[PDB]
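One structure is given below, encoded as structure tokens.
Here the Cβ is made from the backbone with ideal geometry for all residues, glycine too, and neighbour counts use every protein chain on show. Values in this text are rule-based calculations from the coordinates and carry no lab data.
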Amino acid sequence: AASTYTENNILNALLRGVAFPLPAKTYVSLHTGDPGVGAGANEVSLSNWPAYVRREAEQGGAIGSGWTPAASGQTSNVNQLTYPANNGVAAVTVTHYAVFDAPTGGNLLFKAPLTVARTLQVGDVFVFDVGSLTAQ
Amino acid sequence: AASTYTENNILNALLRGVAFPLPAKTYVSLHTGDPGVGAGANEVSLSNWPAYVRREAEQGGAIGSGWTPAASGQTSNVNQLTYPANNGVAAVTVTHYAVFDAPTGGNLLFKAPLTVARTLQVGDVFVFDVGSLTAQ
Amino acid sequence: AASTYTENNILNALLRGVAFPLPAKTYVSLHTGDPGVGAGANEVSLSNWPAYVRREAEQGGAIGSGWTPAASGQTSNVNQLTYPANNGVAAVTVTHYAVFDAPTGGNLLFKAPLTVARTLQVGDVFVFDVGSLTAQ
């Protein structure tokens, strides 16, 4: 379960010999609806959540500090994430999370399901704990 | 079906930002049993097959010719792969093929099973038709 | 448990006959350690809690809506107070609150301990429930 862009890049780097793109920074993105798998998702939460900033992993670190070194797979979100609290109006529900390279657009790396789809009330922070966002 | 080393590469390149190692050329191989998942396989067929030159893909092209560019996944061996004739002694059975960066050792990109378990008799070429060896 | 400024002014209004400046707006704040009781506090929680807006009582009411009129004392935070979420860094501990006139400093009316000390992790809103902040 990864986007075609990243999977195509993986195939190209492994076999074609073409250079593999490097994400300058990694942002975690929340989508109320399950992302398509394509460039972008369906869909980001906007017009419901006025505060929807991309809380980047490794806030302090330039690169390479967001995720633990690979050891036969597996990592963890070393820097915990705190999204801004809901500003108001309607309650928001979150179902899937995805990774972005750029604040808007800039391709999509991962698309994964949360064990329990968490919803945000009129006010809630929705913090990510260290040890989540494990991948293979 | 992906080795630890290749999966470590892809995962770290996607998330951490470590540079992705690039295979200058790709070599295809056979093993009587499945490769471990680690570096090397269990085991490379030799002393049963006197001539076991790992027939590299894209024999003529330097790079980027062996496989089609990735499009929504999937790849195809553009150049046909024909192995040297089976010399003698006993019959050899092959079930798993592996893509190698080096002729001997040197990382292990792919480790995949063959759809049909084939044995090589006294005189055999074991040619790979164009359209097999698909990876994703 | 009233600051020197407020106590001097109240005593002056009660005996001398000098006019008592009316608080144009009322602000509620937090401090890790007890404020001195003098000018300023020791200390305001900053550089560990990036978002530290002084949430104004009676956000909608222009003036006089934050607290019920005194009936042989007693006060109540009629308009519930919800602080901005903790943005980052690490845990911040809040134990003593203070009422303020200006967005930052600008004289100090009250200083009183909480009934129980509260400890805030990386993500917390730290709301004030309606009916708290009682003052004699």
| Here is a list of conditions, (1) at positive phi; (2) loosely packed, with under 12 Cβ neighbours inside 10 Å; (3) hydrophobic (A, V, I, L, M, F, W, C), and C:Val37 meets all of them except one; can you say which number that is? | (2)
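For every residue, the table says whether it meets (1) within 13 Å of the chain's Cα centre (by Cα); (2) part of a helix (DSSP H, G or I).
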residue	(1), (2)
A:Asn9	no, yes
A:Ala13	no, yes
A:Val18	no, no
A:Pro23	yes, no
A:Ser29	yes, no
A:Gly36	no, no
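Yes or no: B:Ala24 surrounded by fewer than 17 Cβ atoms within 10 Å (Cβ to Cβ), among the aliphatic types (A, V, I, L, M) and closer than 20 Å to B:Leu133 by Cα?
Details: surrounded by fewer than 17 Cβ atoms within 10 Å (Cβ to Cβ): yes; among the aliphatic types (A, V, I, L, M): yes; closer than 20 Å to B:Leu133 by Cα: yes.
Yes.
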| message | Return the pair list, or none, for Cβ contacts closer than 8 Å from residues in segment A:1-25 that are facing chain B (nearest Cβ under 7 Å) and on the phi > 0 side of the Ramachandran plot to residues that are small (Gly, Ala, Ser) and in a loop (DSSP other than H, G, I, E, B), at least 6 apart or on different chains. | response | A:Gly17/B:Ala24; A:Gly17/B:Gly64
| query | Does at least one position in segment B:42-50 carry a residue that is surrounded by 14 or more Cβ atoms within 10 Å (Cβ to Cβ), in contact with a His (Cβ under 7 Å, 6 or more places away or on another chain), closer than 17 Å to B:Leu114 by Cβ and β-branched (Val, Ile, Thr)? | reply | yes
| remark: A careful count of residues in segment B:26-41 that are away from chain A (no Cβ under 14 Å), hydrophobic (A, V, I, L, M, F, W, C) and either more than 24 Å from B:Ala117 (Cβ to Cβ) or in contact with a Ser or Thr (Cβ under 6 Å, 6 or more places away or on another chain) (or both) gives 1
| task | Could you list, in sequence order, all residues of segment A:59-84 that are closer than 12 Å to A:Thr26 by Cα and at the interface with chain B (Cβ under 9 Å from one of its Cβ atoms)? | result | A:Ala62, A:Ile63, A:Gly64, A:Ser65, A:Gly66, A:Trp67
| query | Does segment B:55-66 include one or more residues that are in contact with an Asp or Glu (Cβ under 9 Å, 6 or more places away or on another chain), part of a strand (DSSP E or B) and under 23 Å from B:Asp129 (Cβ atoms)? | reply | no
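Taking segment A:105-125 as the region of interest, how many residues are closer than 21 Å to B:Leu15 by Cβ and in contact with a strand residue (DSSP E or B) (Cβ under 9 Å, 6 or more places away or on another chain)? Walk me through it before giving the result.
Of the residues in segment A:105-125, the ones closer than 21 Å to B:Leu15 by Cβ are A:105-115.
Filter once more, so that each one left must be in contact with a strand residue (DSSP E or B) (Cβ under 9 Å, 6 or more places away or on another chain): A:106-114.
Looking only at that region, the number is 9.
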| query | Looking at A:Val89, A:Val130, A:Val122, A:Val116, which one is in a loop (DSSP other than H, G, I, E, B), out of contact with any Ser or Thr (no Cβ under 7 Å at 6 or more places or on another chain) and either within 13 Å of chain C (Cβ to nearest Cβ) or acidic (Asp, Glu) (or both)? | reply | A:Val122
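Among B:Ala41, B:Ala62, B:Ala91, which is the only one that is under 16 Å from the mean Cα position of the chain (by Cα) and not polar (S, T, N, Q)?
Working: B:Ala62 fails: under 16 Å from the mean Cα position of the chain (by Cα); B:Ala91 fails: under 16 Å from the mean Cα position of the chain (by Cα).
Among B:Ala41, B:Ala62, B:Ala91, only B:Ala41 is under 16 Å from the mean Cα position of the chain (by Cα) and not polar (S, T, N, Q).
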| query | If C:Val53 passes every condition in (1) surrounded by 13 or more Cβ atoms within 10 Å (Cβ to Cβ); (2) within 14 Å of chain A (Cβ to nearest Cβ); (3) of a type outside the set (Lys, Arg) but one, which one does it miss? | reply | (1)
| query | Checking B:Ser65 against (1) over 15 Å from A:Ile10 (Cα atoms); (2) surrounded by 15 or more Cβ atoms within 10 Å (Cβ to Cβ); (3) touching a helix residue (DSSP H, G or I) at 6+ places or on another chain (Cβ under 7 Å), which test does it fail? | reply | (3)
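Can you pull out every residue in segment B:92-113 that is surrounded by fewer than 16 Cβ atoms within 10 Å (Cβ to Cβ) and either among the hydrophobic types (A, V, I, L, M, F, W, C) or in a loop (DSSP other than H, G, I, E, B) (or both)? Reasoning before the result, please.
Within segment B:92-113, the first condition is being surrounded by fewer than 16 Cβ atoms within 10 Å (Cβ to Cβ), and the residues that meet it are B:93, B:102-106, B:113.
Listed by number, the residues that qualify are B:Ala102, B:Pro103, B:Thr104, B:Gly105, B:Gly106.
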